[PDB]
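Structure, as structure tokens:
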Number of protein chains: 2
Amino acid sequence: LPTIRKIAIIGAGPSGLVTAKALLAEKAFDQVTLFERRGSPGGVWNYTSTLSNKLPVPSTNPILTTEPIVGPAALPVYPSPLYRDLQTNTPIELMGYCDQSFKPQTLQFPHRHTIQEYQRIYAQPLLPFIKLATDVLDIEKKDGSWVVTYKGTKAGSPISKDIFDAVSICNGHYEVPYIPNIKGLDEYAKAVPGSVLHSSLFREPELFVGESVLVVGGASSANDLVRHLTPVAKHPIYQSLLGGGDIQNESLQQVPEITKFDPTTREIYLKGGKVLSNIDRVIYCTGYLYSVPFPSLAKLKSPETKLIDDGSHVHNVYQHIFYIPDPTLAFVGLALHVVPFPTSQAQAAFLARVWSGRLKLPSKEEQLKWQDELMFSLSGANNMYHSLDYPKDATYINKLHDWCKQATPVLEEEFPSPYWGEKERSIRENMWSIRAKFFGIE
Amino acid sequence: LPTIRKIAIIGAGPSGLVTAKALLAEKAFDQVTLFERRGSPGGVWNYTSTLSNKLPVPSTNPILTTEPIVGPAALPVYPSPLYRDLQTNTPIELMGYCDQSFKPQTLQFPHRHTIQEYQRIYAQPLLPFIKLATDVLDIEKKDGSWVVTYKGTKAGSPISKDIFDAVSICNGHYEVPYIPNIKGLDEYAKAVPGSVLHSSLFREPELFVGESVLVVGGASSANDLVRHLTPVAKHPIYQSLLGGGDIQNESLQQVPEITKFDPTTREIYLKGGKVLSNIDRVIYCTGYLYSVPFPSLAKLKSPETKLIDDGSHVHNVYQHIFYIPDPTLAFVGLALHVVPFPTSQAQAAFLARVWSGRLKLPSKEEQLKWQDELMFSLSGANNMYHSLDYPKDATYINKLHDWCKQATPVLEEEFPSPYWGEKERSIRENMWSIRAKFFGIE
Ligand SMILES: Cc1cc2nc3c(=O)[nH]c(=O)nc-3n(C[C@H](O)[C@H](O)[C@H](O)COP(=O)(O)OP(=O)(O)OC[C@H]3O[C@@H](n4cnc5c(N)ncnc54)[C@H](O)[C@@H]3O)c2cc1C
Ligand SMILES: Cc1cc2nc3c(=O)[nH]c(=O)nc-3n(C[C@H](O)[C@H](O)[C@H](O)COP(=O)(O)OP(=O)(O)OC[C@H]3O[C@@H](n4cnc5c(N)ncnc54)[C@H](O)[C@@H]3O)c2cc1C
């Protein structure tokens, strides 16, 4: 239905939260309800000393259900992948919503405590709009509306259903781990319970004192882990890069991809003949998979209606937001290689004006063309589908900003669209160098 | 031995950390080593979504060993009693060390996030002096020194031993739960696994939505819990006060102490005949027990050498710091009803000057007299032994401030002793009113 009055937001993390404020700023909707399985908003910024109960090794299925840690004396806990000593890899000049600045004297790459407090503040006025400790089981178009099925998190809660005109899925994409099925991995992992970890389980580095570790992966997370393990793990630290690396010294030995895990001898074979033995911990820093764990959406498999396939990305979403077949279904926060808060805010502001009717989407065929062209430029690398590495991200948010400006009628209070000027872009372009200089690395 | 060179500090929380800086500032010790079972410093300020594995119900033994939650993929976690939405009950104008202020724009009674960050900043330069993830098993005077036995937290670590000339115990006193043994409690607790809780298990209030709750206790913690449960628990919330209470309305029904727990009818008898039934959760906010879990110290039972008896306090400690029989053994952080950070700094400042010899303690008989007089003024209420409720804390910290000022020789850099002038004392005196007005309560 075009006239949208009741909206459901799946998730109360940074993306769902900014989506709510933008929607509520339209003064056009009668109901905006956020659903959150955690007892509080903030998404992954809810640091949990608790680890996931069972790591799937290997992990290649994007539909995997997240099992919360439960007990008789506590609300169920959904572990967050944030680790103890984490500091941002995004500067305060760029991260964070454009209309809530950081307090003065804040470190440029602050500890998570600062971001957890920043989110707590941001979300406080939204609490009455959120159904906390509530897990959304399924989402499906029935008649002319969306039927969202959910169950209160808490033993004995009854399954319930409510219907909305639109649904914005902001469930995040850093929950289902991605661990490639390698020869002998499974058996290797099960023979020694904590010998095979993933980055989502990392919390405290003191666990690795004296141990010989093999970090697998070459992304930012893998490199960050190597630096964090360097002062504690036994030297050297091994890092398995896809094409091998140029660093081979006393503290770090970069090696090629893994060929096979020898369950019997506990040896690890690397492409090129190199073989590692006596590895106490193998930590996969291979990222996660996109997920749409809602049976009615997950079953969709046709090229024009599918959302998920291999979890490399979410398909059929115009501008990475609107589900082409039916734009009353949207996503906020799918962007990869971006500054999270600002980017989700740019999408929320646009999403709000389109759903209220102050802005119109181009034709269904044009939206589909936008996709064809993207798919073509990916040359088969679908995990880059939602990637907006600079300058794509700067251009993207400025594009959404300029579009939002065209909304009509003009409202007395306009929910802002972030905008990156010459200065903001320069910082984003040299982000990793500014970060490297801040932490005295590289 | 009087010439102290090597000092061991048990615990790397607010107390052990400020004791480290005060000691190092004397420039008179060759070795200052902090031991800490947790992976990081900061004491209880390490928020843990992880609950204690097994709540002892009832709990009356102060020697009870703290069991950390362990797993094959993580460093052992020692759950903290801090809850999710916790904000301080001490204003920034007084809490915190006198030589480290809070950043600008900090809330008068900040969320734990702010305080966890504060402790992180304060403890950072001390990381190389702390043996992290290390549990001290025992402490005993052997020959002329103190032998401290410890084991690295982490499966398989070997039991190790090191000697020191002095030992400062800063193990905290809010770990071992105190739950009075009432008739039928044990059975009533074991019948329904999560029916009986302790304040140390509280984390997220959404777990109590719709439930009927009995909060037992009249101290601050109990009243805080009542307010936090008010918007979620089924009305009214029951609070068992020792002498009953004056509040009886739709949302809060204060009642007298508990007489018995009827396992069979799950009924709760209150002094005066009043009986409660259909209580989903009973939350004991009856506080904690002081604990000295070191065999060589816990076995001491003679009047002149005992440290712990019923866990109401730690005996034989001159000024709540020096163990009278052997002052090379001291405690920091025992104070009750005080503003923690400053008060522990006031002690550390004094302890440091005494142990380096720049200050001298009075005679042993004069120390014992100080204790006799304290015991006399207590009138049998031993759990008030370490209580320094204003103006006692104000006078105490200022007394230590003035003593430290007499240390000689003067050092180029003098570790500061907090001091509470007319302004400070004022805030301390009306602290609970200022707090009430801040959170708009009472
Ligand atoms: C290790 C790590 C480090 C990071 N460091 C930074 C950094 O330094 N800077 C930065 O800007 N970003 C960082 N990020 C990125 C982070 O993803 C974003 O900051 C931000 O959390 C994006 O949030 P969201 O709402 O899109 O996702 P999330 O924070 O993942 O929130 C999703 C929310 O939806 C809920 N939810 C999911 N499914 C359901 C369901 N079925 N029913 C009900 N609720 C559901 C979740 O429980 C959760 O609260 C990091 C991420 C990781 C994993
Ligand atoms: C629910 C709650 C709320 C509070 N709110 C406030 C507040 O708002 N403001 C305020 O000022 N104070 C508050 N406090 C008080 C708090 O006790 C102090 O702020 C501060 O933590 C004092 O710490 P410490 O070093 O004395 O103790 P702790 O913080 O308890 O630290 C003791 C440390 O020693 C370690 N340890 C113990 N035994 C051993 C061993 N055998 N071997 C190795 N390490 C060991 C522990 O693991 C721990 O890290 C609160 C306390 C609780 C329980």
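By Swiss-Prot numbering, chain B shows 3-444, in order.
Note that Cβ sites are derived from N, Cα and C of the backbone, with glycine treated the same way.
For B:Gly13, B:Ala14, B:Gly15, B:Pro16, B:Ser17, B:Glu38, B:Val46, B:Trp47, B:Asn91, B:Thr92, B:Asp137, B:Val138, the entry in Swiss-Prot reads FAD binding site, with the evidence type experimental evidence. Look at Swiss-Prot and you will find B:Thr90, B:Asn91, B:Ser223, B:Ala224, B:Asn225, B:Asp226 tagged as NADP(+) binding site, backed by experimental evidence.
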Secondary structure at B:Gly15 (FAD binding site), reduced by DSSP to three states: coil
Distance-selected binding-site residues near ligand 2 (C-beta under 6 Å), from B:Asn91, B:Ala224, B:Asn225: B:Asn91
Local Cβ density at B:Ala224 (NADP(+) binding site) - other Cβ atoms counted within 10 Å: 20
Set of same-chain residues at least 6 away whose C-beta sits under 8 angstroms from B:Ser223 (NADP(+) binding site): B:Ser201, B:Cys287, B:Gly289
List of residues, in chain order, with Cβ under 8 A from that of B:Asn91 (FAD binding site) and at least 6 apart: B:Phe111, B:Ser222, B:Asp226, B:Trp434, B:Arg437
Proximal residue to B:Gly13 (FAD binding site) among binding-site residues B:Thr90, B:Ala224, B:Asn225 (C-alpha distance): B:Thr90
Cβ neighbours of B:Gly13 (FAD binding site) where a neighbour is any other Cβ within 10 Å: 25
Packing count at B:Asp137 (FAD binding site) (other Cβ atoms within 10 Å of its Cβ): 21
Least Cβ-crowded entry, counting other Cβ within 10 Å, from the binding-site residues listed as B:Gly15, B:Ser17, B:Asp226: B:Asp226
Under 8 Å by Cβ from B:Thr90 (NADP(+) binding site), counting only residues of that chain that are 6 or more apart: B:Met97, B:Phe111, B:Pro112, B:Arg114, B:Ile117
